[PDB]
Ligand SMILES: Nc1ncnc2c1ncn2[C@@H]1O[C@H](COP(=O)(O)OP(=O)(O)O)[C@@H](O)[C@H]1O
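Before any questions on binding or motion, here is one chain by itself as C-alpha cells, the form deposited without the ligand.
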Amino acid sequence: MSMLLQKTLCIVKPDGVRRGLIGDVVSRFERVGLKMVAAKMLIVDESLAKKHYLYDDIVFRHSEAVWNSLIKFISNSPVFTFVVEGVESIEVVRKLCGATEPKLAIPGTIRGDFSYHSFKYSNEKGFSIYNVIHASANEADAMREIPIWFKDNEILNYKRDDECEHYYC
C-alpha cells in the first residue's frame, strides 16, 4: 500500500559465513521487526560477483584496485543472501549494519559488535575490508541488486505475527 515500504538486499559475506555469524546477523533484523522475504545460500562465481559489484561504478567512485579486491573477496566463496522487507527498510538496515569501516562502526551495530579492523590496514595489506555484511546502499541499488540474486518467484509474501505492530492492521 504505502510507498515507504521497501525491500533491501542483504548478504552475509564470506568472513561472516566462515565465522558462523549468519544467525547472529539474521536475529538483529528479526528483532527490530523487519521481515525476511527471501533467502539463499550459495558459492558466488566470478560472473555473479561481477554483476553485483559493477566495474564501471566501483572504478568511477574508487579504483580498479578496490574492485579487484571486492571480486577476490567474494568470488568462489560462500555467502548467505537475503531480502528484508519493511517500513523504510533500506535506511534502517543501513542503521543496523553500522559504518562501512568496522574500526569506526558503533557498538550495538552488526559491524560494531562482530568486527573491528580498519581501512588503513586493509589498504596496507591489499585486501577488501571484511565487514561481515553488505546492504543495499539506497533505493536504486536495491532495485538493481535484488533481481541479480533472486528470481521474482523467490520473493515471498506472508505476514509476521507482529505485523500489526509495525504496519498497523
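Position 1 is the first residue in the sequence shown; the rest follow in order.
The discussion below concerns the form solved in complex with the ligand, not included here.
Run the clash test for me: the ligand superposed onto this form using the site C-alphas, pose taken in the bound PDB entry, blocked if at least 3 ligand atoms lie within 2.4 angstroms of backbone or C-beta, else open.
The pocket is open.
Answer yes if any heavy atom of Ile129 is within 4.5 Å of a heavy atom of the ligand in the bound PDB entry; otherwise answer no.
Judged by the heavy-atom cut-off of 4.5 Å, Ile129 is in contact with the ligand in the bound PDB entry.
How about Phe119 - does it come within 4.5 Å of the ligand in the bound PDB entry, if we only consider non-hydrogen atoms?
Answer yes; at least one heavy atom of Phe119 falls within 4.5 Å of the ligand in the bound PDB entry.
Is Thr100 close to the ligand in the bound PDB entry, meaning a heavy atom pair under 4.5 Å apart or at it?
Contact check for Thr100: yes, within 4.5 Å of the ligand in the bound PDB entry.
Answer for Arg94 alone: is it within 4.5 Å of the ligand in the bound PDB entry, judged on heavy atom distances?
Answer yes; at least one heavy atom of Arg94 falls within 4.5 Å of the ligand in the bound PDB entry.
Could you spot which one of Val37, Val66, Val32, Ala49 gets a heavy atom to within 4.5 Å of the ligand in the bound PDB entry?
Selected residue: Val66.
Taking a heavy atom within 4.5 Å as contact, would all three of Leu54, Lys72 and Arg144 count as contacting the ligand in the bound PDB entry?
Per the other structure, none of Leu54, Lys72 and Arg144 touch the ligand.
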